[PDB]
Every structure is written in structure tokens, then in C-alpha cells.
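Report on the following structure.
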2 protein chains.
Amino acid sequence: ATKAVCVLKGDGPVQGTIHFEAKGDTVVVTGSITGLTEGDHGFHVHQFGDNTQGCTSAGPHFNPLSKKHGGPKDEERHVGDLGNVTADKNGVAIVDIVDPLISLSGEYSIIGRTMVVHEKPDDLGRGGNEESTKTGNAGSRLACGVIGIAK
Amino acid sequence: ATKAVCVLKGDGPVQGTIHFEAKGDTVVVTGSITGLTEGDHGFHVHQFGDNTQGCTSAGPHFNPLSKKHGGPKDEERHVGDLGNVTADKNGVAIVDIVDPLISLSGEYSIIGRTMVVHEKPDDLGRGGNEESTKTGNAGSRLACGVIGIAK
Ligand SMILES: [Ca+2]
Ligand SMILES: [Ca+2]
Ligand SMILES: [Cu+2]
Ligand SMILES: [Cu+2]
Ligand SMILES: [Zn+2]
Ligand SMILES: [Zn+2]
């Protein structure tokens, strides 16, 4: 698979559609998220594509290599650590990330896993608390969706 | 992946949760669907896990071997053809299928694709019109979900 799509939804007003496309040895993630409070929101690929208990059953960040929580540009980061998206004043976040770690096939494949958008910004593991090294203190999961194969 | 899960949701009352487990060399599909009208309803794996236009964007039946539609027991069938599930008088359908063609990894993997429950019975490719050889005349998509990796 070279294209994927995720439809984010939650208990609230956050909603959005993320598109993934494999370009070379990177995956280009695009799309928009709306209903967000202006500012930065933790944006990560969680391990399971299980929406049976809302975004909760998505588990922790996808971390096949058992590293610590980082930001996208770090070497020591979870495969699903894609940092933060930024809602403008209108609550709209435009996603445009290019990641060399997440994949649409193979072991780091995120197909069948969940994209989660958080309440707070991802502190990128530079927070000075244990929590920061586990989730970046991004807090609650506002919206999430299972990543599926797209035409 | 050895376990997958799918939450079916639609525009109506139909909803359910389907679990998939790789047991031996086969895949066991279990779960239950509620809100259905009594009787049989086509139940198939559609190609795309694209819920951007509701269940419509799930595409046609997953058919990597390019065959015509049939029942789960036919040799000539799509990989996503899981037949019919049957709702009791209260609208509850209990799902219990063992299928030899779907898988949770490799070419026949349904991870990242969409489980769809239909409005009418699937005629198993024997209704005698062209539509029967494509969708079994199962009609519209009542509920659907992207199949994700479960713990
Ligand atoms: Ca919080
Ligand atoms: Ca119909
Ligand atoms: Cu997260
Ligand atoms: Cu179908
Ligand atoms: Zn992380
Ligand atoms: Zn079919």
C-alpha cells in the first residue's frame, strides 16, 4: 500500500481527515483538522486500531523500537511521534508532515493503527517529568481514527 | 498481526463490533451486530479502509484474485465475500465465521480495509443479473468500519 487515509472523530467537535502517501522512503501526511483550540496539539500514531472504547483503546504511541518519546526530528522517538499540529484562531490545523520513520508497509506499517490528535501540545519529551518521556504530556485524546488503505 | 477488530457504524441504528483472530492457518471472525432488520444481510470486506464518504468510499469487494462474486463456500468468489449474517427478530446478528481466504497479513490481509454490513441478503453470485456477479444484490451499506490491529 502506498496511500492511506484516516478520518478523525471523537466525543467532541474535533474532526478531520488525514491522507498519507508513500513518496520514496518517506510518508507525506496531509489533511486538515478542525474544531481545535488554537495552538499546538500532540499528533501521534498510537499502537492499536481498536476504537471499541473510543480513543482510549488505541493504546500507547506506536513504538516498535522501544525508544522514548521524542519529536519527529529526533533519533530517539517513538515511530508514531509526529510532533504537533497547530490550530489557528479558527481552530483549524493544516497537516503537512513528511516522515521518514512511519511507513505504509513492512514492520513500521501504520495501516490498521490509530492517528490520535491531542488536547495539549506535545512537549517533545523535553518536559522534565517522566510523563514527558512517555507521551510528551499531550494530555487527552480529542479525536482519532483507524488508518485505512486508500485508493 | 494476529488479532484485528472493527467497529461498525453507519448513518442509522446499525452498529456492532467484529473481531478477527488468526487461529492456526485460518481466520476466525466473531462479534455481533444490532439494529438490523430480521433476516439475512450481506457481509463483505470492501477494498478500501476509506471512510471519508461514509461506507461509499470503501470501494468494491476486496478481490485480489479478480474473480466474480460468490458465497464464502464457492471457489469463484471475491476474497471479501463472507456471505450473509442473520439478524434475529430483535435485529441482532451473531457473527461466527471461519474463512480460508482472508488473512491478517500478506497479500490477503484485510487490515486497513472496511467491513460492510448490507441492507439486503447477498444472493451469493446466483441471482442471474450482472449485479449479482459484483455485489450479490446486497444493496446499500448500512454500517461499516476500518479493520484495525487489536491487542
Ligand atoms: Ca488533558
Ligand atoms: Ca439497498
Ligand atoms: Cu498521542
Ligand atoms: Cu459488500
Ligand atoms: Zn511518543
Ligand atoms: Zn463480492
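Order of listing sets the numbers, starting from 1, for every ligand and every atom in it. Computed from heavy atoms alone, side chains included, the values below leave out hydrogens, waters and symmetry copies. By convention in this document, chain letters (A, B, ...) are assigned in the order of the sequence lines, proteins followed by strands, and residues within each chain are numbered from 1.
Nearest heavy atoms, A:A87 versus A:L36: CB-CB, 3.3 Å.
Counting heavy atoms from C-beta on, the side chains of A:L8 and A:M115 come closer than 4.5 Å. Put simply, the side chain of B:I147 reaches to within 4.5 Å of the side chain of B:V45, judged on heavy atoms.
Within B:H44, the N, O or S atom at minimum distance from the Cu ion (ligand 4) carries the name ND1. For B:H61, the N, O or S atom with the smallest separation from the Cu ion (ligand 4) is NE2. Take the N/O/S atoms of A:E119: the one nearest the Ca ion (ligand 1) is OE1. Looking only at N/O/S atoms, B:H78 comes nearest to the Zn ion (ligand 6) through ND1.
Under the 3.5 Å distance criterion, the side-chain polar atoms of A:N129 are matched with a main-chain donor or acceptor of A:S132. Looking at B:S57, its side chain does come within 3.5 Å of a backbone N or O of B:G54 through a donor-acceptor pair.
B:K67 pairs in a side-chain hydrogen bond (donor to acceptor under 3.5 Å, both in side chains) with only one of the listed residues (B:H61, B:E76, B:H78, B:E75), which is B:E75.
Between the NE2 atom of B:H46 and the NE2 atom of B:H118, the angle taken at the Cu ion (ligand 4) works out to 100° after rounding to 10°. With the Zn ion (ligand 6) at the apex, B:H69 ND1 and B:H61 ND1 define an angle of roughly 110° (rounded to 10 degrees).
One of the N, O or S atoms belonging to B:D81 lies under 2.8 Å away from the Zn ion (ligand 6).
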